[PDB]
Amino acid sequence: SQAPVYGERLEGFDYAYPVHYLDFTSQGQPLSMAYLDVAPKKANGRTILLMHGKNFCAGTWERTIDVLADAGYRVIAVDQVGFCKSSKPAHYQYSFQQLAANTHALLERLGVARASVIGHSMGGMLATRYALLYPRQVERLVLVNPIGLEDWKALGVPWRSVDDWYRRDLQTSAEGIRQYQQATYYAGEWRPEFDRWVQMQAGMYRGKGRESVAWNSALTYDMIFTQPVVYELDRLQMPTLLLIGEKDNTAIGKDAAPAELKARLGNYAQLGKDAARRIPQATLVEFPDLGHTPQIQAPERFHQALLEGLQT
Ligand SMILES: [Cl-]
Ligand SMILES: [Cl-]
C-alpha cells in the first residue's frame with residue numbers, strides 16, 4: 001500500500017539482493033544481523049564493507065552495490081544490531097565499539113581479511129570507530145557525509161535522556177520524515193524513488209514492533225550523543241576519502257538548540273575541511289550542490305567520484 005506497515009525487523013519490505021543472517025550472542029542476548037553479500041563477475045581482488053546511516057538500511061545501498069560489484073569488488077552491506085532487518089534487542093548497552101566488533105565478527109565468518117570500508121552518516125561515525133579498532137584490516141576508509149564531525153554536547157547542544165528520545169521517536173510519521181529528508185538529505189529536491197526509503201522507515205513505526213523500534217532508536221541516539229570520534233580522527237592509520245555534500249545541515253539536537261547555536265551547527269562546508277585537516281592521510285571531495293545523501297540525490301556523479309577515489 002501507500003502507507004505500508006512493516007514488522008519490528010522490517011518484515012514485508014524487500015531488499016534488492018538476497019538477505020542473509022548471522023546468529024550470535026552478545027550481552028547475554030541471542031541476536032541476528034542481516035546482511036547482503038554480492039560477488040563480482042570478475043574479481044578485482046578487493047572487498048568493500050558498506051555501513052548505513054541511522055535512518056537507512058543495507059538495502060538502501062542497492063545502486064552502490066550494483067556499481068561496485070560491476071567494478072569487481074565483493075560487496076558486503078550489513079544492518080547493525082538495532083536497525084532494519086537485524087534484531088531489536090529488548091536490552092543492550094550500545095557503543096560504537098560493540099557494533100564494530102559485531103561487524104568484525106561477521107567479516108571473520110565471511111572470510112574477509114581486509115576491506116575498504118564506506119560509511120554514510122552514523123555509518124560513517126561507526127566506520128571511523130571500526131577503522132580505529134582494526135587498522136590492519138581497513139585498507140581504505142570512505143566517509144560519506146558522516147555525522148560526528150563536531151561533538152554536539154561540547155558546543156552546547158542540550159542533552160536529552162534515553163527516555164525522552166524514546167517518547168519523541170514514537171511520533172515518527174512519513175510526513176515528518178519527508179519534511180526532514182527533502183530539506184536535509186536532498187537539498188530541497190524530491191523524486192518519487194525517494195519515497196521508498198521514507199516508507200521503509202515510517203512503516204516500522206506503524207507495526208507491532210513500533211515500541212521496540214523506538215526504544216532501540218533512542219538507545220542509539222544516546223550512543224551517538226555521548227560517544228564522539230572527532231577527537232581521534234588524528235589516529236587514523238590509512239588513506240581516508242571524505243565525500244561531502246555541502247548543503248547538508250545535519251546536527252543532533254539542532255531543533256532543541258537556541259537560535260544562536262542552530263546557526264553554527266551542521267556547517268558541512270566547514271566540517272569537511274576541518275576533518276581533512278586532522279586526518280593524517282585525507283582526501284576531501286566536496287559536492288557544493290548536494291545534501292546529506294549525495295549517493296541518492298546524484299547517483300551518477302557520486303559513483304564516478306567514489307570509483308575513482310577507491311583506486312589504489
Ligand atoms: Cl552532556
Ligand atoms: Cl593510538
# chains A, B, ... in the order shown; residues from 1 in each chain; ligands from 1
$ residues_near_ligand --ligand "ligand 2" --cutoff "12 Å" --atoms "only C-alpha atoms and all ligand atoms" --output "list in words"
residues 131, 132, 133, 134, 135, 231, 232, 233, 234, 235, 236 and 237 of chain A
$ residues_around --residues "residue A:101" --least-positions-apart "2" --cutoff "12 Å" --atoms "only C-alpha atoms" --output "MDAnalysis selection string"
chainID A and resid 24 26 80:81 94:99 103:108 126:127 129:134
$ residues_near_ligand --ligand "ligand 1" --cutoff "10 Å" --atoms "only C-alpha atoms and all ligand atoms" --output "PyMOL selection string"
chain A and resi 151-161+225-226
$ closest_residue --among "A:191, A:72, A:285, A:27" --to "residue A:40" --atoms "only C-alpha atoms"
A:72
$ select_by_dssp --residues "stretch 7-61 of chain A" --states "strand (DSSP E or B)" --output "PDB file with C-alpha atoms, in the first residue's frame"
ATOM      1  CA  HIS A  20      21.484 -13.451   4.771  1.00  0.00           C
ATOM      2  CA  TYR A  21      21.629 -13.639   8.558  1.00  0.00           C
ATOM      3  CA  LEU A  22      24.241 -14.338  11.187  1.00  0.00           C
ATOM      4  CA  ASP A  23      23.135 -15.564  14.582  1.00  0.00           C
ATOM      5  CA  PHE A  24      25.360 -14.734  17.539  1.00  0.00           C
ATOM      6  CA  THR A  25      25.229 -13.981  21.291  1.00  0.00           C
ATOM      7  CA  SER A  26      26.091 -10.529  22.707  1.00  0.00           C
ATOM      8  CA  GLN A  29      21.109 -11.907  24.195  1.00  0.00           C
ATOM      9  CA  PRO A  30      20.585 -14.049  21.087  1.00  0.00           C
ATOM     10  CA  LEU A  31      20.894 -11.657  18.174  1.00  0.00           C
ATOM     11  CA  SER A  32      20.681 -11.852  14.394  1.00  0.00           C
ATOM     12  CA  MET A  33      22.486  -9.460  11.960  1.00  0.00           C
ATOM     13  CA  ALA A  34      21.056  -9.216   8.414  1.00  0.00           C
ATOM     14  CA  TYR A  35      23.466  -8.588   5.560  1.00  0.00           C
ATOM     15  CA  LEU A  36      23.896  -8.582   1.764  1.00  0.00           C
ATOM     16  CA  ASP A  37      26.946 -10.267   0.190  1.00  0.00           C
ATOM     17  CA  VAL A  38      27.301  -9.773  -3.533  1.00  0.00           C
ATOM     18  CA  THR A  47      36.272  -6.320  -0.706  1.00  0.00           C
ATOM     19  CA  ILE A  48      34.015  -3.450   0.301  1.00  0.00           C
ATOM     20  CA  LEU A  49      32.018  -3.118   3.526  1.00  0.00           C
ATOM     21  CA  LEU A  50      29.096  -0.663   3.421  1.00  0.00           C
ATOM     22  CA  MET A  51      27.640   0.866   6.611  1.00  0.00           C
TER      23      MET A  51
END
$ closest_residue --among "A:148, A:207, A:288, A:266" --to "residue A:187" --atoms "only C-alpha atoms"
A:288
$ closest_residue --among "A:119, A:309, A:59, A:239" --to "residue A:276" --atoms "only C-alpha atoms"
A:239
$ residues_around --residues "residue A:186" --least-positions-apart "6" --cutoff "8 Å" --atoms "only C-alpha atoms" --output "PyMOL selection string"
chain A and resi 290-294+297
$ write_last_selection --atoms "N, CA, C and O atoms" --output "short mmCIF file (atom, residue, chain, number, x, y, z; two decimals), in the first residue's frame"
data_model
loop_
_atom_site.label_atom_id
_atom_site.label_comp_id
_atom_site.auth_asym_id
_atom_site.auth_seq_id
_atom_site.Cartn_x
_atom_site.Cartn_y
_atom_site.Cartn_z
N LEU A 290 24.96 19.31 -3.37
CA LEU A 290 24.30 18.13 -2.84
C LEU A 290 24.23 18.22 -1.31
O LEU A 290 25.03 18.90 -0.63
N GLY A 291 23.24 17.53 -0.77
CA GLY A 291 22.99 17.48 0.68
C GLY A 291 23.61 16.24 1.35
O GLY A 291 24.69 15.76 0.96
N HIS A 292 22.90 15.77 2.37
CA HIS A 292 23.35 14.72 3.29
C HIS A 292 23.51 13.39 2.63
O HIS A 292 24.26 12.56 3.13
N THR A 293 22.80 13.17 1.53
CA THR A 293 22.76 11.84 0.91
C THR A 293 23.06 11.94 -0.57
O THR A 293 22.19 11.71 -1.44
N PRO A 294 24.29 12.33 -0.90
CA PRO A 294 24.65 12.62 -2.25
C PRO A 294 24.53 11.41 -3.18
O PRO A 294 24.31 11.58 -4.38
N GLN A 297 20.87 11.50 -4.12
CA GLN A 297 20.49 12.73 -4.80
C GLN A 297 21.08 12.75 -6.22
O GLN A 297 20.39 13.16 -7.18
#
$ select_by_dssp --residues "stretch 62-104 of chain A" --states "alpha helix (DSSP H)" --output "short mmCIF file (atom, residue, chain, number, x, y, z; two decimals) with N, CA, C and O atoms, in the first residue's frame"
data_model
loop_
_atom_site.label_atom_id
_atom_site.label_comp_id
_atom_site.auth_asym_id
_atom_site.auth_seq_id
_atom_site.Cartn_x
_atom_site.Cartn_y
_atom_site.Cartn_z
N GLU A 62 21.54 -0.28 -2.63
CA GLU A 62 21.38 -1.13 -3.83
C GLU A 62 22.15 -0.63 -5.06
O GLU A 62 22.86 -1.43 -5.71
N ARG A 63 22.05 0.64 -5.43
CA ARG A 63 22.77 1.12 -6.62
C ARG A 63 24.30 1.09 -6.47
O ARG A 63 25.03 0.71 -7.41
N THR A 64 24.76 1.47 -5.29
CA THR A 64 26.20 1.39 -4.99
C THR A 64 26.70 -0.05 -5.04
O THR A 64 27.76 -0.36 -5.56
N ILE A 65 25.89 -0.99 -4.54
CA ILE A 65 26.29 -2.39 -4.61
C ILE A 65 26.45 -2.81 -6.07
O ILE A 65 27.43 -3.46 -6.47
N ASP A 66 25.44 -2.48 -6.88
CA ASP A 66 25.49 -2.81 -8.32
C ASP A 66 26.77 -2.23 -8.96
O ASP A 66 27.50 -2.93 -9.67
N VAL A 67 27.06 -0.96 -8.72
CA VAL A 67 28.19 -0.32 -9.31
C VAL A 67 29.52 -0.96 -8.88
O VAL A 67 30.44 -1.16 -9.70
N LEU A 68 29.65 -1.17 -7.58
CA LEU A 68 30.94 -1.68 -7.06
C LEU A 68 31.19 -3.15 -7.47
O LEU A 68 32.33 -3.50 -7.82
N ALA A 69 30.14 -3.97 -7.49
CA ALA A 69 30.24 -5.37 -7.92
C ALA A 69 30.62 -5.43 -9.40
O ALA A 69 31.46 -6.26 -9.83
N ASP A 70 30.02 -4.55 -10.20
CA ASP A 70 30.34 -4.44 -11.62
C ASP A 70 31.79 -4.02 -11.82
O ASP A 70 32.40 -4.49 -12.78
N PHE A 96 29.81 2.32 19.86
CA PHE A 96 30.32 2.13 18.51
C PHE A 96 31.32 0.98 18.48
O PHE A 96 31.43 0.27 17.46
N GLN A 97 32.08 0.77 19.56
CA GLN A 97 32.95 -0.41 19.65
C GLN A 97 32.22 -1.72 19.63
O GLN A 97 32.64 -2.64 18.93
N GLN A 98 31.11 -1.83 20.36
CA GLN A 98 30.37 -3.03 20.37
C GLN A 98 29.83 -3.33 18.96
O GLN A 98 29.92 -4.46 18.45
N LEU A 99 29.28 -2.31 18.30
CA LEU A 99 28.74 -2.57 16.95
C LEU A 99 29.86 -2.91 15.96
O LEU A 99 29.74 -3.75 15.09
N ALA A 100 30.98 -2.20 16.07
CA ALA A 100 32.12 -2.52 15.23
C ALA A 100 32.58 -3.96 15.44
O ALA A 100 32.99 -4.65 14.50
N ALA A 101 32.61 -4.41 16.70
CA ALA A 101 33.06 -5.78 16.99
C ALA A 101 32.10 -6.82 16.46
O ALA A 101 32.49 -7.89 15.97
N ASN A 102 30.80 -6.51 16.51
CA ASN A 102 29.78 -7.38 15.94
C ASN A 102 30.00 -7.53 14.41
O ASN A 102 29.99 -8.60 13.85
N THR A 103 30.35 -6.41 13.78
CA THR A 103 30.58 -6.40 12.35
C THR A 103 31.88 -7.17 12.03
O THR A 103 31.92 -7.91 11.05
N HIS A 104 32.96 -6.87 12.76
CA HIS A 104 34.22 -7.61 12.62
C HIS A 104 34.03 -9.08 12.73
O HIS A 104 34.63 -9.88 11.94
#
$ residues_around --residues "stretch 192-195 of chain A" --least-positions-apart "3" --cutoff "12 Å" --atoms "only C-alpha atoms" --output "JSON, numbers by chain"
{"A": [2, 3, 4, 56, 60, 174, 175, 177, 178, 179, 181, 182, 185, 186, 189, 198, 199, 200, 201, 202, 203, 293, 295, 296, 297, 298]}
$ atom_distance --atom1 "atom CA of residue A:206" --atom2 "atom CA of residue A:83"
15.5 Å
$ residues_around --residues "residue A:272" --least-positions-apart "6" --cutoff "9 Å" --atoms "only C-alpha atoms" --output "list in words"
residues 145, 149, 242, 243, 244, 246, 284, 285 and 286 of chain A
